[PDB]
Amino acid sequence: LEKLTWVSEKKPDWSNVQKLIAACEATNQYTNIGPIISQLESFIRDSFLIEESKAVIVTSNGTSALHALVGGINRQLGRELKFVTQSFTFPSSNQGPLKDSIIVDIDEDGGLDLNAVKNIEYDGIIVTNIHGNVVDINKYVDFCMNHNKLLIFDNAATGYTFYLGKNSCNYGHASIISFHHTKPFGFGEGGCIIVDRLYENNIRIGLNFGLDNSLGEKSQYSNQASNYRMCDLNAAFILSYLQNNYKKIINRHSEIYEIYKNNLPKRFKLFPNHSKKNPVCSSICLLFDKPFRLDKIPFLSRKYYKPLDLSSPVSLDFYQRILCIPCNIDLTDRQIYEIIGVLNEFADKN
């Protein structure tokens, strides 16, 4: 267990990366949507099973995926949209165009508490599918349909979990994924928006300051936009990593979830998850039955997410009870069983 790493060891396939970036070299186009962007967006669409009704839009990072998604929709609708995010999530959904988002608690199933938005003025909600686990997506889709609200899934850590027969990224108006090095599908930095086609053109123009190349000299910036595009260099490293490893990651991460599911240590439960098939997790998240401190676990382990608003009791209860265990393609079954042994010993003494 001294050998545990958070992330599998990742190295460029240099001959493959050079083959991809040769198309940049040929045209001197390495950004502003060069020849690699379409290849990675196509690879994501076909490999992650994104539906035809959705755009696949790569961005510089998972954060810029969320911010470009919101910026683009704000520009299309002509106002700064007010979003609610859950406290039990990463800071990205209270930053950029979401810097004044309303923060509310989660319910005990891991997602934003729809009861907390009863008396609030807002335009949409952002629901986080934690570390590859999914919430009961239909209850958010129905709520947002009934109340004419936009629905975004923060799928930063959740690229290939299936809910009722399709990739969870295909639900709500939009979802985002992260290709940050720390993520299963990540290499360096990167993000992706999966979004209803109605907003696709404004979101793409929104990566380029709001400047529509189709208008030529008549293009006009939007104060809702920024520089949010993915560089073709980064697209090549991410595409090469996925071409060489995507299949092994989806299979092994499912195999790793399978061992914990069938061999749960005493007084630990799996994090709430609504997928029939095993999720593809960024870490294996267990909930101990009472608060505990990370320093009592003698192997590499973390707590996510530190609540954005400390006045959210369910979020804090989860933070206090969660254990996030490394989940990557370098982990051995021997290590998984030894981890389950250590948590059984921890359970005995606490």
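The first residue of the shown sequence is 1; numbering continues from there.
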property: 85-93 versus 137-145 - greater average Cα B-factor per the deposited record; result: 137-145
property: Residue stretch of maximal mean CA temperature factor, 62-70 vs 277-285; result: 277-285
property: Of the residues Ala116, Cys231, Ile125, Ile194, the one carrying the largest Cα B-factor as recorded; result: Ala116
property: Entry-reported Cα temperature factor of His253, expressed as the chain third it lands in; result: middle
property: Third of the chain's Cα B-factor distribution that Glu51 belongs to, per the entry; result: middle
property: For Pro307, the third of its chain into which the C-alpha B factor falls; result: middle
property: B-factor third for the C-alpha atom of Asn245 within its chain; result: middle
property: Entry-reported Cα temperature factor of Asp105, expressed as the chain third it lands in; result: middle
